[PDB]
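Structure, as C-alpha cells:
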Amino acid sequence: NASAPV
Amino acid sequence: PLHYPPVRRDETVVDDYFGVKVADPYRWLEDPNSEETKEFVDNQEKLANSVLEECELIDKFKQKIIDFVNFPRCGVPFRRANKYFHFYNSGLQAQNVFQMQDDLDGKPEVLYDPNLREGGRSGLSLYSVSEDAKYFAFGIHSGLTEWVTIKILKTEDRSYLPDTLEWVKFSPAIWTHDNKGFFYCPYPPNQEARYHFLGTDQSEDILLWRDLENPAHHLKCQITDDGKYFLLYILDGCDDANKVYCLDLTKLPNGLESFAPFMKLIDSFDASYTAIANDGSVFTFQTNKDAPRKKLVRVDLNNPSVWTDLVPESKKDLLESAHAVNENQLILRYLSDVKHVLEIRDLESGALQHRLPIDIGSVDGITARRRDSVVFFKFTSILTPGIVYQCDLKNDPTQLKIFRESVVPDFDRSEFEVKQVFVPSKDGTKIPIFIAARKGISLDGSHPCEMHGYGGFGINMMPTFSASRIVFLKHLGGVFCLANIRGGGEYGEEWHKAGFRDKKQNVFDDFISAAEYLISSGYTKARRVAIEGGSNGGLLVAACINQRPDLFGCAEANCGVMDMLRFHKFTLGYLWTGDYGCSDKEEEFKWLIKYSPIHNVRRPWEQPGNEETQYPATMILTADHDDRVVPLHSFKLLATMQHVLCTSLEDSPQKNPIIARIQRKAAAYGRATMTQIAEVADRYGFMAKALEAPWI
Ligand SMILES: C[As](C)(=O)[O-]
Ligand SMILES: [Ca+2]
Ligand SMILES: [Ca+2]
C-alpha cells in the first residue's frame, strides 16, 4: 500500500 | 574537496570463528543510544549534507519527480456485501486514503484518512472489512516502533468501537461470516492465534493456538469463502514452506465461545500450501510439493492421505498465484520468463478455458472472491503508471476492459522502449534482464546506466512503474536495467536455491555479468554504471563493489545487511538464516566470511595491474531507527569503508565520496510521499554527480 510510485 | 570526520576504532575487539581471527573495531556502533554513536550519526549527516550541496541537480530531480507523481490513483476495488472499497490518492497526499462506495462509479466516502494522524507519517498496512460491510478493522502505528494497535470503525457513521487490540504486528483481521468478530495473530505483552468478539476487551479474546516449545514459529491465517473453515498456517523462518491446520467451525457445539481441536492436514515444513477453494471438505491447494514451479492439488479432508493433481506443474512456468472466481472458475497467474500470463480455467476439472499473455510489466492485487463474477486487478510497468483492469466473467469473459487509468502529466511513453534480453553468467546460466531507454539511442558506450537487483528469498523482481526512473530516463539521458538474478523465485524454487546459502555468491556473479553485458553491448561503460538495491538488495550492492569496484561509477545501498557474521543476533535477523547460513556453524561461516561486506573492504589499487581503480561514489542509506535491518549494518560498513579507503592514508587515491544519507525519526515502514521523494531526489542527484552526467 505504498503512497506513490516514486 | 572532502573532510571525513574522526571515527574511533576499538582495537581490542576480536573474535575467533573456528580458528579465524576477526577484528570488529566498530563494535561500539551496535548501540544506537551511546552519545558516541549519536555523534557519529551527526558527523556523517554533516558530511553528507556537505557533499549533497555540491550535487546541484537534486533540486531539478525533486521537482520533476513531484510533477510526474502528481496524478490521481484509484487502487483495486474489493466488494463486501453491496459496498465497494478501495484506496485513493489525489496525487501528492502523504498516504493513501481508504474509501467506500455503494456503486462502482458512485460517490466515494472517506472511511479513514491516515494523513490526519501524525502528518501521515505512516499509512494503513492492516485493513479489513467485515462480511456485512458494517465494520472496518485497521492497524495504526503508535510511534516509530513496528507495533500496531487495531481499532474498529462502523462504516454507516465512521464512529469507533471502544475495542482496542494491542501487541499486533503484521497480522490481518479475519472476519467470521456471522460478523460477530475476527481471528488475528498477536504477541503476548511466541506468536498466538486468537479470536476477538466485537464489543469485548482484548483480555476476553479466545486462545486458539500457541506453541511455547517453538517460540520462533510465526503464523498467518485465513477463512474459507463459505465461512465454514478457519485455516491456520504455521511458518518457520523466511522459507517458502508451511503447515496447514484446519478448524471446522460448523461442528463447534457453542461457536467459538467453546474454548483447540485442529485437523492437522500438514504437520511438517516440507512444502508450501495455500488454500484456493473448497467444496465442503474437498480442498484445492496451491503447493510447491514435488513441484518447484508449483501446481494446484486437491484433497478431501475426510480422507487426507490422498492428494491428486488438479493442474499439474508446468515444465517451464512458475504458477505464482491462484484465485477462485465466478463460483466455478480459477484465474491462474503464471510467471513466464518474468512476464505475467493469466489463464482462466474450470475449478472442477482444472481444464484450460482462456489464456491472456501480458505485456512486459506486472499484474497483481487480484482480490476477487469466489462469489464475485467481476474480477479486478492492477497492471503497471516501466512506462505504464497504473491501469486497473476489469474482467466480467459472467457477461464478457474474453475481453479485459479498462476501469481506471492513471496518466503521468507531460510524459510521452512513445519516446521510450523496454526490451527483455538474456545474458550469460560466469557458470553459463542465462539471466533475464530488462532494459529501458530512449528509442533509437546509439550503443556507443556513452550513456549513464542504473542497474537494480535483489537476488534472494524467493522474491520476484517485476518491472513496475517508478516516476523517478522516468526522470532518470528523460532528463539524464539514462538507461535503466532490472536484473532477474538467481536467489529470486522467478523460475521457481531451483532458481531460489541456486542463489542461496553456499551458492549466494552466484547472485553477485549474475549481477556483475549483467553489468559486463551492458558494457560490451554498448549501452554504457565501466565507471558509468550505477547500482542500487535495498535490504538483501543492499547486501547485493555492497558485495559487488567489494568484488568488482572497477565496474561501477556509483553505488547506493538502502538499509542493507552488511555484517553477515553477526546479522542473526539482532531483531528479526534470525529469520534470514534460511537463505544466508549462520556463522554459528563452521561450514556456513566459510560461505559468509567470503562475501560479508564489512569483512571484505580492500584497497583495489594495491592489487597488481589495478593501480588506476578506486571504489565508486557510494551512498549508504538508512534510518537511525530501523528495527528490521538494524542500522549498525550500514554504519559499520561506512566506518570500515571510510577507514580502509580514506582516513588510513595520508593522501589516498580514493577521491570518490563515501557517505551515508541518514533519515531522521523514520521507521522501516510506511514511507510518506515527499519523505520518499526527498530520498530518491537525493540519491539521483548524487548519482548524476558521480557519473558526471548532465541534465537535459
Ligand atoms: C528484509 As530482507 C534482509 O529479507 O531483504
Ligand atoms: Ca549549493
Ligand atoms: Ca566518477
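Numbering starts fresh at 1 for the residues of each chain in the C-alpha cells, the chains themselves are lettered A, B, ... in the order given, and ligands are numbered from 1 as they appear.
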
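All residues of protein, DNA or RNA that reach within 12 Å of residue 50 (chain B), judged by only C-alpha atoms and not counting those fewer than 3 positions away in the chain, are residues 1, 2, 3, 4, 43, 44, 45, 46, 47, 53, 54, 55, 56, 657, 658, 659, 660, 661 and 686 of chain B.
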
Output file for the selection above: N, CA and C atoms, as an mmCIF file, in the first residue's frame:
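Full text of again_14.cif as output:
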```cif
data_model
loop_
_atom_site.group_PDB
_atom_site.id
_atom_site.type_symbol
_atom_site.label_atom_id
_atom_site.label_comp_id
_atom_site.auth_asym_id
_atom_site.auth_seq_id
_atom_site.Cartn_x
_atom_site.Cartn_y
_atom_site.Cartn_z
ATOM 1 N N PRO B 1 36.387 17.904 -2.735
ATOM 2 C CA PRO B 1 37.234 18.578 -1.731
ATOM 3 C C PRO B 1 36.753 18.320 -0.280
ATOM 4 N N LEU B 2 37.120 17.146 0.242
ATOM 5 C CA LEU B 2 36.244 16.430 1.200
ATOM 6 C C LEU B 2 36.788 16.040 2.625
ATOM 7 N N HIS B 3 36.041 16.400 3.669
ATOM 8 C CA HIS B 3 36.521 16.314 5.052
ATOM 9 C C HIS B 3 35.851 15.213 5.884
ATOM 10 N N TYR B 4 36.457 14.035 5.953
ATOM 11 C CA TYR B 4 35.875 12.920 6.719
ATOM 12 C C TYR B 4 36.058 13.124 8.209
ATOM 13 N N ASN B 43 27.862 13.592 12.686
ATOM 14 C CA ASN B 43 29.019 13.948 11.848
ATOM 15 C C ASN B 43 28.843 13.484 10.410
ATOM 16 N N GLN B 44 28.387 12.240 10.248
ATOM 17 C CA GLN B 44 28.108 11.697 8.924
ATOM 18 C C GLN B 44 26.999 12.499 8.244
ATOM 19 N N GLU B 45 25.970 12.877 8.999
ATOM 20 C CA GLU B 45 24.905 13.723 8.473
ATOM 21 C C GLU B 45 25.492 15.032 7.947
ATOM 22 N N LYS B 46 26.429 15.592 8.696
ATOM 23 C CA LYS B 46 27.025 16.872 8.324
ATOM 24 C C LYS B 46 27.837 16.682 7.047
ATOM 25 N N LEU B 47 28.620 15.603 7.003
ATOM 26 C CA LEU B 47 29.418 15.254 5.818
ATOM 27 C C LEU B 47 28.561 15.107 4.567
ATOM 28 N N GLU B 53 25.197 19.194 -1.162
ATOM 29 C CA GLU B 53 25.067 20.584 -1.610
ATOM 30 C C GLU B 53 25.928 20.845 -2.889
ATOM 31 N N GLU B 54 26.995 20.070 -3.044
ATOM 32 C CA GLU B 54 27.759 20.031 -4.291
ATOM 33 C C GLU B 54 26.960 19.422 -5.476
ATOM 34 N N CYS B 55 25.946 18.611 -5.163
ATOM 35 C CA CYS B 55 25.116 17.953 -6.167
ATOM 36 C C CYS B 55 23.992 18.860 -6.592
ATOM 37 N N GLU B 56 24.279 19.686 -7.580
ATOM 38 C CA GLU B 56 23.374 20.761 -7.957
ATOM 39 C C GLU B 56 22.089 20.363 -8.708
ATOM 40 N N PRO B 657 33.498 10.152 -3.264
ATOM 41 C CA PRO B 657 32.974 10.276 -1.903
ATOM 42 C C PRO B 657 32.295 9.029 -1.358
ATOM 43 N N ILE B 658 32.338 8.870 -0.051
ATOM 44 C CA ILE B 658 31.709 7.739 0.618
ATOM 45 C C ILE B 658 30.915 8.284 1.807
ATOM 46 N N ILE B 659 29.593 8.303 1.659
ATOM 47 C CA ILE B 659 28.727 8.958 2.621
ATOM 48 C C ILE B 659 27.557 8.086 3.002
ATOM 49 N N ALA B 660 26.825 8.557 4.005
ATOM 50 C CA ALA B 660 25.552 7.966 4.395
ATOM 51 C C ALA B 660 24.483 9.036 4.370
ATOM 52 N N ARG B 661 23.378 8.748 3.687
ATOM 53 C CA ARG B 661 22.180 9.561 3.828
ATOM 54 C C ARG B 661 21.339 8.927 4.930
ATOM 55 N N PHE B 686 23.030 12.789 -6.412
ATOM 56 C CA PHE B 686 24.298 12.143 -6.129
ATOM 57 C C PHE B 686 24.779 11.339 -7.322
#
```

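Using only C-alpha atoms and all ligand atoms, we find that the residues with an atom at most 9 Å from any atom of ligand 3 are residues 527, 528, 552, 553, 554, 616, 617, 655, 656, 689, 690, 691 and 692 of chain B.
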
(request) Counting only C-alpha atoms, collect the residues of chain B whose closest atom lies at most 9 Å from chain A, and write them out as a PyMOL selection string. (result) chain B and resi 65-66+68-69+73+75+87+89+91-96+123-125+385+464-469+670-673+676-677+680

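Here the alpha helix (DSSP H) residues in region 556-616 of chain B, by DSSP on the backbone, are residues 577, 578, 579, 580, 586, 587, 588, 589, 590, 591, 592, 593, 594 and 595 of chain B.
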
For those residues, write C-alpha atoms to a file as an mmCIF file, in the first residue's frame.
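Contents of the output file again-v2.cif:
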```cif
data_model
loop_
_atom_site.group_PDB
_atom_site.id
_atom_site.type_symbol
_atom_site.label_atom_id
_atom_site.label_comp_id
_atom_site.auth_asym_id
_atom_site.auth_seq_id
_atom_site.Cartn_x
_atom_site.Cartn_y
_atom_site.Cartn_z
ATOM 1 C CA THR B 577 19.459 -17.906 8.239
ATOM 2 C CA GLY B 578 17.371 -19.973 5.807
ATOM 3 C CA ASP B 579 18.794 -18.029 2.885
ATOM 4 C CA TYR B 580 22.184 -16.889 4.286
ATOM 5 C CA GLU B 586 31.794 -23.728 10.562
ATOM 6 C CA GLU B 587 30.666 -24.874 7.063
ATOM 7 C CA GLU B 588 28.339 -21.854 6.856
ATOM 8 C CA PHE B 589 30.842 -19.360 8.295
ATOM 9 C CA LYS B 590 33.089 -20.315 5.383
ATOM 10 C CA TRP B 591 30.456 -19.097 2.841
ATOM 11 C CA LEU B 592 29.787 -15.920 4.728
ATOM 12 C CA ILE B 593 33.322 -14.664 5.514
ATOM 13 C CA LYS B 594 33.983 -14.533 1.766
ATOM 14 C CA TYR B 595 31.258 -12.012 0.809
#
```

(message) List as a ChimeraX atom specification the protein and nucleic acid residues lying within 8 Å of ligand 1, with only C-alpha atoms and all ligand atoms counted.
(response) /B:238,454,456-457,534-537,560-561,573,576,628-629

Output the selection as a PDB file, in the first residue's frame - N, CA and C atoms for each residue.
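File part-v9.pdb, as written:
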```pdb
ATOM      1  N   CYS B 238      11.979 -17.433   6.933  1.00  0.00           N
ATOM      2  CA  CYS B 238      11.521 -16.840   5.665  1.00  0.00           C
ATOM      3  C   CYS B 238      11.491 -17.904   4.531  1.00  0.00           C
ATOM      4  N   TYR B 454      17.939  -7.578  -6.630  1.00  0.00           N
ATOM      5  CA  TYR B 454      17.686  -8.034  -5.269  1.00  0.00           C
ATOM      6  C   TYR B 454      18.414  -9.387  -5.014  1.00  0.00           C
ATOM      7  N   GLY B 456      17.308 -12.894  -3.781  1.00  0.00           N
ATOM      8  CA  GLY B 456      17.119 -13.667  -2.555  1.00  0.00           C
ATOM      9  C   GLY B 456      15.667 -13.931  -2.189  1.00  0.00           C
ATOM     10  N   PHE B 457      15.461 -14.877  -1.270  1.00  0.00           N
ATOM     11  CA  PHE B 457      14.186 -15.067  -0.544  1.00  0.00           C
ATOM     12  C   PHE B 457      12.959 -15.380  -1.394  1.00  0.00           C
ATOM     13  N   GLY B 534      17.993  -2.607  -2.112  1.00  0.00           N
ATOM     14  CA  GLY B 534      17.533  -2.429  -0.735  1.00  0.00           C
ATOM     15  C   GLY B 534      17.457  -3.707   0.072  1.00  0.00           C
ATOM     16  N   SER B 535      17.778  -3.630   1.366  1.00  0.00           N
ATOM     17  CA  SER B 535      17.826  -4.817   2.262  1.00  0.00           C
ATOM     18  C   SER B 535      18.852  -5.857   1.792  1.00  0.00           C
ATOM     19  N   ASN B 536      18.396  -7.068   1.469  1.00  0.00           N
ATOM     20  CA  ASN B 536      19.203  -8.058   0.741  1.00  0.00           C
ATOM     21  C   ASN B 536      19.762  -7.498  -0.556  1.00  0.00           C
ATOM     22  N   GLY B 537      19.014  -6.584  -1.176  1.00  0.00           N
ATOM     23  CA  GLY B 537      19.498  -5.805  -2.314  1.00  0.00           C
ATOM     24  C   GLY B 537      20.661  -4.864  -1.995  1.00  0.00           C
ATOM     25  N   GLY B 560      20.844  -1.930   3.934  1.00  0.00           N
ATOM     26  CA  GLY B 560      21.480  -3.196   3.611  1.00  0.00           C
ATOM     27  C   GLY B 560      21.984  -3.986   4.807  1.00  0.00           C
ATOM     28  N   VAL B 561      22.064  -5.307   4.633  1.00  0.00           N
ATOM     29  CA  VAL B 561      22.623  -6.246   5.614  1.00  0.00           C
ATOM     30  C   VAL B 561      24.099  -6.460   5.320  1.00  0.00           C
ATOM     31  N   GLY B 573      16.745 -10.703  12.419  1.00  0.00           N
ATOM     32  CA  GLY B 573      17.801 -11.327  11.612  1.00  0.00           C
ATOM     33  C   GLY B 573      17.830 -12.851  11.665  1.00  0.00           C
ATOM     34  N   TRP B 576      16.455 -14.902   8.690  1.00  0.00           N
ATOM     35  CA  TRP B 576      17.181 -14.912   7.400  1.00  0.00           C
ATOM     36  C   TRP B 576      18.209 -16.034   7.249  1.00  0.00           C
ATOM     37  N   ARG B 628      14.047  -3.609  11.489  1.00  0.00           N
ATOM     38  CA  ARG B 628      14.166  -4.786  10.606  1.00  0.00           C
ATOM     39  C   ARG B 628      15.646  -5.054  10.278  1.00  0.00           C
ATOM     40  N   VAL B 629      16.212  -4.197   9.439  1.00  0.00           N
ATOM     41  CA  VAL B 629      17.647  -4.208   9.209  1.00  0.00           C
ATOM     42  C   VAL B 629      18.270  -3.116  10.079  1.00  0.00           C
TER      43      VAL B 629
END
```

(message) Report, in Å to a single decimal, how far apart CA of residue 424 (chain B) and CA of residue 494 (chain B) are.
(response) 17.6 Å

Quick one: residues within 7 Å of residue 126 (chain B), only C-alpha atoms counted, chain neighbours fewer than 5 positions away excluded, as an mmCIF file with N, CA, C and O atoms, in the first residue's frame?
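As a result, selection.cif now contains:
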```
data_model
loop_
_atom_site.group_PDB
_atom_site.id
_atom_site.type_symbol
_atom_site.label_atom_id
_atom_site.label_comp_id
_atom_site.auth_asym_id
_atom_site.auth_seq_id
_atom_site.Cartn_x
_atom_site.Cartn_y
_atom_site.Cartn_z
ATOM 1 N N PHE B 138 -8.715 -1.775 11.332
ATOM 2 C CA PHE B 138 -7.475 -1.281 10.770
ATOM 3 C C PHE B 138 -6.380 -1.084 11.794
ATOM 4 O O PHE B 138 -6.638 -0.886 12.967
ATOM 5 N N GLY B 139 -5.159 -1.084 11.277
ATOM 6 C CA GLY B 139 -3.964 -1.011 12.074
ATOM 7 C C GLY B 139 -3.309 0.340 12.016
ATOM 8 O O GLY B 139 -2.966 0.837 10.938
ATOM 9 N N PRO B 172 -3.390 -9.981 9.875
ATOM 10 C CA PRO B 172 -4.608 -9.427 9.321
ATOM 11 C C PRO B 172 -5.745 -9.682 10.298
ATOM 12 O O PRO B 172 -5.565 -10.371 11.296
#
```

(message) Show me, as a count of residues only, the residues that have an atom within 12 Å of residue 141 (chain B) when counting only C-alpha atoms, minus same-chain residues fewer than 3 positions from it.
(response) 28

(request) Name all residues at most 12 Å from residue 383 (chain B) (count only C-alpha atoms; drop same-chain ones fewer than 6 positions away) and give them as a count of residues only. (result) 34

(request) For residue 207 (chain B), work out the shell of residues within 10 Å, counting only C-alpha atoms and skipping chain neighbours fewer than 3 positions away, then give it as an MDAnalysis selection string. (result) chainID B and resid 183 185 192:196 204 210 256 259:260

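The spacing separating CA of residue 100 (chain B) from CA of residue 84 (chain B) amounts to 5.7 Å.
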
(request) From region 390-480 of chain B, collect each residue whose DSSP state is strand (DSSP E or B) and return the set as a PyMOL selection string. (result) chain B and resi 390-392+401-405+416-424+430-438+449-452+479-480

May I have the residues from that selection written out with C-alpha atoms, as a PDB file, in the first residue's frame?
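Heads up, here's the output in result.pdb:
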```pdb
ATOM      1  CA  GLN B 390     -11.714  -5.389 -15.041  1.00  0.00           C
ATOM      2  CA  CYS B 391     -12.881  -8.697 -16.394  1.00  0.00           C
ATOM      3  CA  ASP B 392     -16.564  -9.576 -16.145  1.00  0.00           C
ATOM      4  CA  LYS B 401     -11.742  -3.629 -20.086  1.00  0.00           C
ATOM      5  CA  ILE B 402     -10.011  -0.543 -18.659  1.00  0.00           C
ATOM      6  CA  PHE B 403     -11.733   0.539 -15.465  1.00  0.00           C
ATOM      7  CA  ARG B 404      -9.299   3.197 -14.183  1.00  0.00           C
ATOM      8  CA  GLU B 405      -6.210   4.512 -15.918  1.00  0.00           C
ATOM      9  CA  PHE B 416      10.903   5.241 -24.802  1.00  0.00           C
ATOM     10  CA  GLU B 417      11.077   1.451 -25.109  1.00  0.00           C
ATOM     11  CA  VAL B 418      11.691  -1.591 -22.915  1.00  0.00           C
ATOM     12  CA  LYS B 419      13.243  -4.846 -24.088  1.00  0.00           C
ATOM     13  CA  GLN B 420      13.963  -8.088 -22.321  1.00  0.00           C
ATOM     14  CA  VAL B 421      17.234  -9.805 -23.185  1.00  0.00           C
ATOM     15  CA  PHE B 422      19.099 -12.761 -21.658  1.00  0.00           C
ATOM     16  CA  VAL B 423      22.781 -12.646 -20.756  1.00  0.00           C
ATOM     17  CA  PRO B 424      25.307 -15.308 -19.733  1.00  0.00           C
ATOM     18  CA  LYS B 430      21.185 -17.378 -18.704  1.00  0.00           C
ATOM     19  CA  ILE B 431      19.975 -14.403 -16.740  1.00  0.00           C
ATOM     20  CA  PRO B 432      16.970 -12.317 -17.771  1.00  0.00           C
ATOM     21  CA  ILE B 433      17.343  -8.581 -17.664  1.00  0.00           C
ATOM     22  CA  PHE B 434      15.031  -5.759 -18.662  1.00  0.00           C
ATOM     23  CA  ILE B 435      16.479  -2.693 -20.345  1.00  0.00           C
ATOM     24  CA  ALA B 436      14.662   0.619 -20.621  1.00  0.00           C
ATOM     25  CA  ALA B 437      15.869   3.647 -22.596  1.00  0.00           C
ATOM     26  CA  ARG B 438      15.032   6.297 -25.210  1.00  0.00           C
ATOM     27  CA  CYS B 449      23.300   3.494 -16.577  1.00  0.00           C
ATOM     28  CA  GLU B 450      21.409   2.419 -13.498  1.00  0.00           C
ATOM     29  CA  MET B 451      21.140  -1.222 -12.597  1.00  0.00           C
ATOM     30  CA  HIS B 452      18.704  -2.555  -9.976  1.00  0.00           C
ATOM     31  CA  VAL B 479      19.453   3.623 -19.390  1.00  0.00           C
ATOM     32  CA  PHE B 480      17.770   1.535 -16.741  1.00  0.00           C
TER      33      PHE B 480
END
```

(request) Please provide as a PyMOL selection string all residues within 12 Å of residue 221 (chain B), with the sequence filter that same-chain residues fewer than 2 positions apart are discarded (counting only C-alpha atoms). (result) chain B and resi 170-175+182-186+192-195+208-209+218-219+223-224+229-235+242-247+274-275

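Remark: for ligand 2, the closest of the candidate residues B:189, B:352, B:489, B:51 is B:51 (distances computed over only C-alpha atoms and all ligand atoms).
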
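The shortest atom-to-atom distance to ligand 2, with only C-alpha atoms and all ligand atoms taken into account, belongs to B:57 out of B:57, B:153, B:299, B:601.
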
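Across the structure, CA of residue 523 (chain B) and CA of residue 547 (chain B) are spaced 22.0 Å apart.
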